[PDB]
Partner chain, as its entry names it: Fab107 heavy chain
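Presented below, as structure tokens, is a lone chain in the form deposited without the partner chain.
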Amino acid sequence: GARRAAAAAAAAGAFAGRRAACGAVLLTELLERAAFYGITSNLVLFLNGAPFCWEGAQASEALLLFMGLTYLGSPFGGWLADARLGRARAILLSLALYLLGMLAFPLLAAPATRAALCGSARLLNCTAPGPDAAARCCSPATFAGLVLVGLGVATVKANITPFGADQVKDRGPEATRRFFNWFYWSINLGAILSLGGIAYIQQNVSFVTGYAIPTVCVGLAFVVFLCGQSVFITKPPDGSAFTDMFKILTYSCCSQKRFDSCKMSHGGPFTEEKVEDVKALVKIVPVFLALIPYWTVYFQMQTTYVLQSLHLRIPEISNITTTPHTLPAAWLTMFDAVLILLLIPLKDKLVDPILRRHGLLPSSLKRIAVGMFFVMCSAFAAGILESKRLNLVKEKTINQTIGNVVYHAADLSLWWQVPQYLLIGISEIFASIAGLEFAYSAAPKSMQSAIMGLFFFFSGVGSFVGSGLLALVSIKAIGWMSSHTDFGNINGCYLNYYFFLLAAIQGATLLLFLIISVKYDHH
């Protein structure tokens, strides 16, 4: 117990005379998240309403492919960072590409540059009379910008977090944990700023001035990272010999094609360090595989709660002061970010010291398990609430309005959703931070970026699997989501059952995760 007090110095003393570097990293993360959320917030609406009037399916497919690219590039971004480059040079290059690609969107917004580009001058004005129509317009430039921005975001997301973490590695895992809590805090702050401001301006001032701001944010991110480069000196990996380790992994896998790995490696030219790293990689892959369902349910719940909310009473006299023409459809997502913003400081300053006081959770795996339990509880809460709403819709209905679509909602206040999102926030502040800490901590010192990329790739796989599941339950045979052929008319569909299904899926996952967690520590 007394040794815990000895470690108390590291916790408070983590941010020793090096706070500037950590601040720079956090600021860069904030700016990049703000830009990313600004891009993804209303991309569908921008495409649909733009003079290049695509079909809703086309825009949805574009966004889905963009997100998939963001998930896919991450392991490759980590490979690039750890091989043939350093980490910092990788961040700089990725952010340069990020800015270059994202630049395109505001030009497309500006009518003069819009006409100058695409060599099409497509101004069919959607519903305006037109002699037939073409397919997705402005395809070359739009796709090019999308691929550039997606690759940039994937590479930065894979490379920055281990870069920041290894910054304070001089201290202990307690210091790393504190850094990670504040990292997630900054991420959420950027998400809030973007989703609130930029969405308000885009949906209520203009796209031309709306898409301009994210470009500025990414530019400032570039400048701040570049300036901090001089004072970082954060034990830069300078990965040039790291190139060798990546090729050796194949050589270890060559033995498979040619503790089985350990026995053959010792005799051959497989000096023990590489054997240990490959063994670690094998050990960790199962853990991400086991987290896949957690990502599935997480992303599915995140998507579903928004449609649930859209059909509850919108409060606050509909913002009587400064009447909200076209109330933006992003603050609904921002709710969870608000809750995490409130929670994280309390956690970091009170709970973690308390738990570390006596003997409590010293490992991240247990924290992920706790988060999963909280997710399950939240899913049940949401199911119950949606059940009551469904019984409450059979009576009269109120014609509310969000964006420019006349939703149908029940006479139930949106605040009733508070317990769900609260449990979600608790689950996130446990799980997400524990998972990032685990990914950084377990990976061999040579290829941390690669393992972080793999982590994010598996998260993307889970998101895609969840989307597939949502499509599956929509089949007529099941009939849970049959009238969901548009923005949404959940009133006619049984979403409550879906929440319970997620709870079951999450519940089973927790038990499965516990088994693997136990096995991992033993070995």
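The term rigid core refers to the maximal set of C-alpha atoms that superpose within 1.5 Å between the two forms. Residue numbers count along the first chain shown, from 1. Only residues modelled in both forms are compared.
Not pictured, yet referred to below: the form deposited with the partner chain bound.
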Legend entry - Segment assignment from 283 to 291, 229 to 237, 99 to 107, 399 to 407: heavy atom within 4.5 Å of the partner chain in the deposited complex: 399 to 407
Inset, instruction - Select from the listed residues 213, 393, 193, 151 the one whose heavy atoms reach within 4.5 Å of the partner chain in the deposited complex. - result: 393
Legend entry - in the deposited complex, the one of 467, 474, 491, 60 near the partner chain [non-hydrogen atom within 4.5 angstroms]: 491
Legend entry - residue 313: touches the partner chain in the deposited complex, heavy atom cutoff 4.5 angstroms: yes
Inset, instruction - Answer yes if any heavy atom of residue 480 is within 4.5 Å of a heavy atom of the partner chain in the deposited complex; otherwise answer no. - result: no
Legend entry - Heavy atom of residue 411 within 4.5 Å of the partner chain in the deposited complex: yes
Legend entry - Within 53 to 83, the residues that have a heavy atom no more than 4.5 Å from the partner chain in the deposited complex: none
Inset, instruction - Report the residue, chosen from 205, 282, 346, 241, for which the CA moves 2 Å or more between this form and the one not shown after the rigid core is overlaid. - result: 241
Inset, instruction - Determine, after fitting the two forms on their core, whether residue 318 shows a C-alpha shift of 2 Å or more between this form and the one not shown. - result: yes
Inset, instruction - State yes or no: after fitting on the rigid core, is the Cα displacement of residue 488 between this form and the one not shown at least 2 Å? - result: yes
Inset, instruction - With a shift of at least 3 angstroms, figure out whether the C-alpha spacing between residue 317 and residue 203 grows or shrinks in the deposited complex: closer or farther? - result: closer
Legend entry - Shift in CA distance, residue 91 and residue 243, in the deposited complex relative to the form shown here, given it is 3 Å or more: farther
Inset, instruction - Kindly list the runs, ordered along the sequence, of 3+ consecutive residues whose C-alpha shifts are all 2 Å or more between this form and the one not shown once the two forms are aligned on their core. - result: 115 to 117, 233 to 248, 316 to 325, 486 to 488
